[PDB]
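# only geometry, no sequence info:
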Ligand SMILES: Nc1ncnc2c1ncn2[C@@H]1O[C@H](COP(=O)(O)OP(=O)(O)O)[C@@H](O)[C@H]1O
Ligand SMILES: Nc1ncnc2c1ncn2[C@@H]1O[C@H](COP(=O)(O)OP(=O)(O)O)[C@@H](O)[C@H]1O
Ligand SMILES: Nc1ncnc2c1ncn2[C@@H]1O[C@H](COP(=O)(O)OP(=O)(O)O)[C@@H](O)[C@H]1O
Ligand SMILES: Nc1ncnc2c1ncn2[C@@H]1O[C@H](COP(=O)(O)OP(=O)(O)O)[C@@H](O)[C@H]1O
Ligand SMILES: [Mg+2]
Ligand SMILES: [Mg+2]
Ligand SMILES: [Mg+2]
């Protein structure tokens, strides 16, 4: 080159705008075949041969290697949808890539993009205001029916699709079992406080819900008992090993006769602590730290159960559920050490079971509060991992519905209505912005097209029928009931989705529109690029 | 006082941060020099128009140099009229015409697409921005003209 | 200009020039480069006409002084108790960035930050180290807020 | 210099992928389908370290094979889930999976969406389970001669079938002994308490199951006794040796009498240990760690016998057999932790090497199976066969049900499903029938290995089952004639069949939900 | 990068290698540390003396 | 922000603030001002001067 010696490659004009659109478009095409109940799955084989099967949109993109900056923006777009909501991570990627592609043709025609950007923002703001007319009140619907159907709808297009009724009952029961009562009047449903365990073996229809808690640990020693019919659980956070002076303290001996008493105290301080614990009636001991082999003997003779190397987060939930209190030391508000009986947990049973060649621990019927855990069974490990990711999507959907009592129809009824509304509303602007708004309405129409294409049907006839039905709902307000016509993919016909039981939380459609528009605007504001060579 | 900035990407957040940091600096300048001036390229067209009339007063070799300095100020008002998709020659000719027969607030109006009174559009900027920009520019150019040779050292 | 790695020795003084305006004013960091660019461009014609460079440097300084007096006669005083003027100044320096849409929310916030840091009676300078900007992911730009207190990350 | 988007990642899609996975699944089945039936031949495998695995086990064949293809990795994995779950049926599960996956491509090429097939497959699985439970046979575990026929019907297909009458007794006695009810009502049949020991030489007719345990150790000091009749035994955990502390200790000595006194204090401390053990008057001392030379001197004085450095896996078996429990600190040694349930202690020589025996227990809950034979390779195949038998017997004791073997169940299920599909209207009718017809690959494989006509024998057997009460008719695997299973006497536990059908159906569902492959993305 | 007019700063940064040129650089550095001015005049004068000296040798 | 001392007792030392547009001007200004301070300090030590502008060279 001549001027601007930068030691790098720069591109300007139509060169970088077209290149950015293709980079964004290619990301959508990878995951376009994973949307809808007729969707399929993918493998992702790394170099070392580890296999992974999933259709979860966020998981796929996180596992790919991308270096084009216009595409990396979309990869974290799906990641953000996971944290904020947890569902619809594939719908957002498709929408964002369609907004860019449709806006690019507007810019090739001599339209200044700042006019286009303002057109997009107005469309997004008006769409969210309109979406508060298609609201369905949760309490108006049956409490159990709305939760069950919402879980079933978000469980379709997965490995456990037709097993919905079995799994939807498990999912709702687990969520209602962790309901928390909080400040003034706010309830709380902290999902991911339910422990999910995987173990291959029998079929998935024999996966069982546990009314209590489950630990992936085994008892410390063989001689110790392996079932307690009335547990007095004590939770501890410190190791039980032979004591040892701190690093600052040294031991110097000038009278040999004192050596014998010195060495006893190392093993005798720990003995006294154990007897304080066992004198109050504790049967089960749980510890995050380790336990020396000598300390296990005292539990054996007293007939008590003890476990070492317990995860912190597990101990927090058991202490909350069983009423016990986590201790990092024994000292009290005075000098000496005490261990009262008002600080013990209580559970109805502790059993170590056998599940396909290994063992784990079950705690049943905790009395302070209720807690639940789920064990999943499958043909092998790859299949077991798939239900786990496919169950986390079900837990999040139910939690969002309970917190916010409002759902919207699925199948594409939302996009079909919005496309009709925006096209009619843009005719009252009377400036170059109507062009941008009209492009927004057409871009939303990609979702119903993608669903019908994957089912090997006529995506032109079906979508044309919807636009006729939703039009007759906007005008002629006697037929206003026709704003719930959705889409059926098995028979390729329209059907009333509200009565059919297809529901999605509103916070999915609402948040997806906002996030997609922001990612489309930031990419649209780039006209040139500068890349510096590696040093 | 503290401000919390949100966003959807790390790229958007940093650009949102820098934009806020300028809005803060504009207010700071408004306290150091309690003066306001019209924007939209008005300070530059008016600068060029009066310098042209000033050059005719001078005689000799100096008159040419001030004329070159006068015409250099036309770059900015043309640049704004170019990025908006207008005809740069037509706009600047209209601007210099309207500044030489009266009003001085006339400037480019992107919303309307032509030239109109600027203060009716509520676009202003502090005086220190225009003065400091000009002063630092001329000091650098006078420094560049003193250079004569380039050599390579260790 | 900082992020790019310019290699020409005379192109490495423009990056420092733009940093000079940033320190004193915080705005007009692009415009000052454009002005400095056009002054040097107009110099190539004069050197061909036979002008010695020393004459050019002296003549520009003559023009710079005249430029100062035209701008000063064009300005207008501003009183800090006038809130409307400050908003129009802040939103004008803010509608040139990506957050021009969200300026209807940020512009009243920016002025509030400055008015809660200084005393308008004896304000001769503003220190921006008492205003802290905290960056947090998630949400959109429309969720920013001003906190009249302390925010801790840990 | 170059512009890229994904940086060296391959990708495939379309109908090539669906046909690619199925063709890979069938190839694995073709490797193993020669190892089914009483006429099955063996295979020998070669390992990276130079050993030879001459085996007939279905799982054993596959775990020594390296395959790149993603589709094949699934088939290898479900092989070991079956073995870890029910221990038997690692070959019939693979053959079913290939056939259930192969009769599906017929529908795919007729433009049928996979989700239509999947809903049909899992719908046929429920009727498969219900029909199996209908024809189940209840068994009485108190009948020994009935339990011998169950185990015999599961090892007639292996190498020990020559010594079958011996093998059933070994497998049955061990499982009948390790059964243990404990605190609460938790009944278990754990299998880390049934050690299998191999010693080359002798003859295979010298194998026996001991009432106790065997140890590959010998007495520390030769003067110590080697033959005791009724030993009183104690099991320790710590070491009888003056070891250092851990609290950053050091000794400063400034007198003539401090160096010697310190040394004498270590011998008094050991004498404190030995005297405390003697207080309980035992005859045998077993410890996990070393024993100082001084400690042996005091112990041999009191006519004790000691063993050094026994693995923790062996103390737990001894503790359960004799009746003692392990005690770490001798100061807390009592009379309730001393084991008096032995009946002999003997140390023999088996080919220039010393063994320790503890047999004739009063009521042991741990056993040690002793095996003799030609060489390591043959005995390696013996224990693999014995493990299957002991896993077969356990499943009967937890779910006392039986179903006919030899292919009788598959035809019984096939008939029931087919008669039910003609009440079904819709496109799912066709996949619902092809899945049922895929079960007949079990009798067909048995016929071909026997050397008979697979066209004539199978059509006669299908016609047979069409009648009202003939559900127990199967195929004899040695002559090739349809015989009733009541008289021949072949049965297998209900748990084995249920897992075989469940695993086979679910794997076919997994690989039918595939559409594309992405590779080489380097984590 | 630096822009300078001083005659001693320039001669310090230049990487001369001719043995006779290193003598001229050394006087300029010393002169700067002595009175702080005239670094350019000393080197020009010390060079103009040698320019006339070569003509005299040719005679 | 810098600490300001005003109305000092002796004042036998001082500070000088330099301003400019580029780092090249600031360095050049500081280096140029070093020449002036030194040559003036020599004049105070020995206060006898000789004319310049070529008047001195032509005389010798
Ligand atoms: N029974 C159904 N009929 C029609 N559409 C459905 C049905 N079940 C789910 N969907 C549609 O599937 C879409 C997204 O489902 P999914 O494949 O999980 O993608 P995402 O990752 O966006 O959740 C939703 O827009 C919903 O309308
Ligand atoms: N609404 C407007 N109409 C016309 N000109 C504007 C408007 N807003 C800002 N400008 C112009 O933008 C110019 C500089 O804006 P900016 O892009 O921030 O460059 P700089 O970095 O030099 O400040 C100013 O000269 C100002 O006149
Ligand atoms: N004597 C026999 N005659 C006919 N079939 C038999 C006989 N013994 C065993 N079988 C059949 O062999 C099948 C599988 O046994 P096996 O060869 O051990 O393979 P796997 O147990 O790995 O499936 C069983 O279904 C059983 O019905
Ligand atoms: N205004 C002036 N008129 C005439 N001669 C001058 C003037 N200013 C400086 N000089 C001359 O310039 C000469 C060179 O000085 P200078 O440029 O600083 O280089 P040096 O490093 O040798 O001092 C001096 O001999 C001085 O006499
Ligand atoms: Mg989804
Ligand atoms: Mg600006
Ligand atoms: Mg078998």
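It's in. Residues are numbered from 1 along each chain as shown, chains lettered A, B, ... in the order given. Ligands and ions are numbered 1, 2, ... in the order given.
# am I right that residue D:306 is in a strand?
Yes - residue state for residue D:306 (DSSP: H, G, I helix; E, B strand; the rest coil) corresponds to a strand.
# and the nearest residue to it once chain neighbours are set aside, how many residues sit next to it?
Leaving aside its chain neighbours, residue D:306 sits nearest to residue D:285 (4.6 Å; criterion: CB to CB, 6 or more residues apart in numbering or on different chains). For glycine as for every other residue, the C-beta is placed from the backbone atoms N, C-alpha and C. For residue D:285, the count of nearby residues is 19 (other CB atoms under 10 Å in any protein chain shown).
# how is residue D:285 assigned, secondary-structure-wise?
strand.
# tell me what it is bridged to.
residue D:234, residue D:306 (DSSP bridges).
# so what's the residue count around the closest residue to chain B within chain E?
Going by CB to the nearest CB, chain B is nearest to residue E:13 of chain E, at 4.1 Å. Other residues near residue E:13 number 12, with proximity taken as other CB under 10 Å.
# so what's it up against?
Taking CB atoms under 8 Å, 6 or more residues apart in numbering or on different chains, we find residue E:13 in contact with B:153, B:154.
# residue contacts, the closest residue to residue A:344 other than its chain neighbours?
Leaving aside its sequence neighbours, residue A:344 sits nearest to residue A:232 (CB to CB, 6+ apart; 5.3 Å). By CB under 8 Å, 6+ apart, residue A:232 lies in contact with A:280, A:281, A:282, A:283, A:284, A:344, A:345, A:346.
# what sits against residue A:135?
With CB under 8 Å, 6+ apart, residue A:135 has these contacts: A:406, A:408, A:506.
# so for the second one, what's the nearest residue that isn't a sequence neighbour?
Same thing as residue A:408. The shortest distance from residue A:408 to any non-neighbouring residue, by CB to CB, 6+ apart, is to residue A:506 (5.2 Å).
# what do you get for the first one?
The spatial neighbour of residue A:406 that comes closest, neighbours along the chain excluded (CB to CB, 6+ apart), is residue A:506 at 4.7 Å.
# if I look at the one you found, how far off is ligand 1?
13 Å (CB to the nearest ligand atom, to the nearest Å).
# swap in residue C:27?
Per CB to the nearest ligand atom, residue C:27 is found 44 Å from ligand 1.
# nearest to chain C within chain E, name that residue for me.
Closest point on chain E to chain C, by CB to the nearest CB, is residue E:1, at 5.7 Å.
# for chain C, which helix is longest?
helix C:53-74 (DSSP state H).
# that one vs ligand 4: in contact?
No - Helix C:53-74 does not reach ligand 4 (CB under 6 Å from any ligand atom); its nearest approach is 13.9 Å.
# ok, residue B:139 - contacts?
F:20, F:21, F:25.
# once you drop chain neighbours, what's closest to the first one?
The shortest distance from residue F:20 to any non-neighbouring residue, by CB to CB, 6+ apart, is to residue F:26 (4.6 Å).
# which parts of chain E are helices?
Under the criterion DSSP H, chain E contains helices at E:7-13, E:19-34, E:39-57.
# same question for chain C.
C:14-24, C:31-41, C:43-49, C:53-74, C:83-92, C:103-115.
# then the stretch 101-250 of chain D?
D:105-108, D:114-134, D:144-155, D:164-178 (DSSP state H, counting those that start in this stretch).
# will you turn those into JSON lines that also has mean neighbour count and distance to residue D:319?
Converted to JSON lines, those look like this (neighbours: other CB atoms under 10 Å in any protein chain shown; distance: least, CB to CB, whole Å):
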{"stretch": "helix D:105-108", "mean neighbour count": "16", "distance to residue D:319": "58"}
{"stretch": "helix D:114-134", "mean neighbour count": "17", "distance to residue D:319": "41"}
{"stretch": "helix D:144-155", "mean neighbour count": "18", "distance to residue D:319": "29"}
{"stretch": "helix D:164-178", "mean neighbour count": "19", "distance to residue D:319": "14"}
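# out of those, flag the one nearest ligand 6.
Minimum separation from ligand 6 across those (CB to the ion) falls at helix D:114-134, 56.2 Å.
# where is the longest helix in the chain?
All of this refers to chain A. Taking DSSP H as the criterion, chain A has its longest helix at helix A:381-403.
# actually chain F
Counting residues, the longest helix found in chain F (DSSP H) is helix F:23-45.
# from residue B:146, how far out is the residue nearest to the spatial centre of chain F?
By CA atoms, centre = their mean, chain F has its centre lying nearest to residue F:37, at 2.9 Å. Per CB to CB, to the nearest Å, residue F:37 is found 22 Å from residue B:146.
# show me the contacts for the residue of chain F found nearest chain C.
Residue nearest to chain C within chain F: residue F:22 (4.4 Å; CB to the nearest CB). By CB under 8 Å, 6+ apart, residue F:22 lies in contact with B:140, B:143, C:13, C:16, C:17, C:20.
# what would those look like in JSON lines with neighbour count?
Formatted as JSON lines, those follow (neighbours: other CB atoms under 10 Å in any protein chain shown):
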{"residue": "B:140", "neighbour count": "25"}
{"residue": "B:143", "neighbour count": "19"}
{"residue": "C:13", "neighbour count": "22"}
{"residue": "C:16", "neighbour count": "19"}
{"residue": "C:17", "neighbour count": "23"}
{"residue": "C:20", "neighbour count": "23"}
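# can you tell me which two in these are farthest apart?
The distance between the two most remote of those (CB to CB) is 12.2 Å, for B:143 and C:20.
# so what's residue D:279 closest to, chain neighbours aside?
residue D:333 (7.4 Å).
# that neighbour and residue D:275 touch, don't they?
No - Residue D:333 is beyond contact range of residue D:275, at 11.3 Å (criterion: CB atoms under 8 Å).
# compare the two (neighbour count), which wins?
Set residue D:333 next to residue D:275 and count neighbours by other CB under 10 Å: residue D:333 wins out with 18 against 12.
# how close does the more buried one get to residue A:301?
Counting by CB to CB - residue D:333 and residue A:301 are separated by 12 Å.
# please see if the host helix or strand of residue D:97 touches chain A.
Using DSSP states H and E, residue D:97 sits within helix D:92-102. No - Helix D:92-102 lies out of reach of chain A by CB under 8 Å from any CB of the partner chain, never closer than 9.5 Å.
# please, where are all the strands along the stretch 1-150 of chain D?
With DSSP state E, counting those that start in this stretch, the ranges of strands along the stretch 1-150 of chain D come out as D:10-13, D:43-46, D:52-55, D:137-138.
# which helices and strands does the first one pack with?
Meaning strand D:10-13. For strand D:10-13, the packing partners by 3 or more CB pairs under 8 Å, 6 or more residues apart in numbering or on different chains; DSSP states H and E come out as strand D:514-519.
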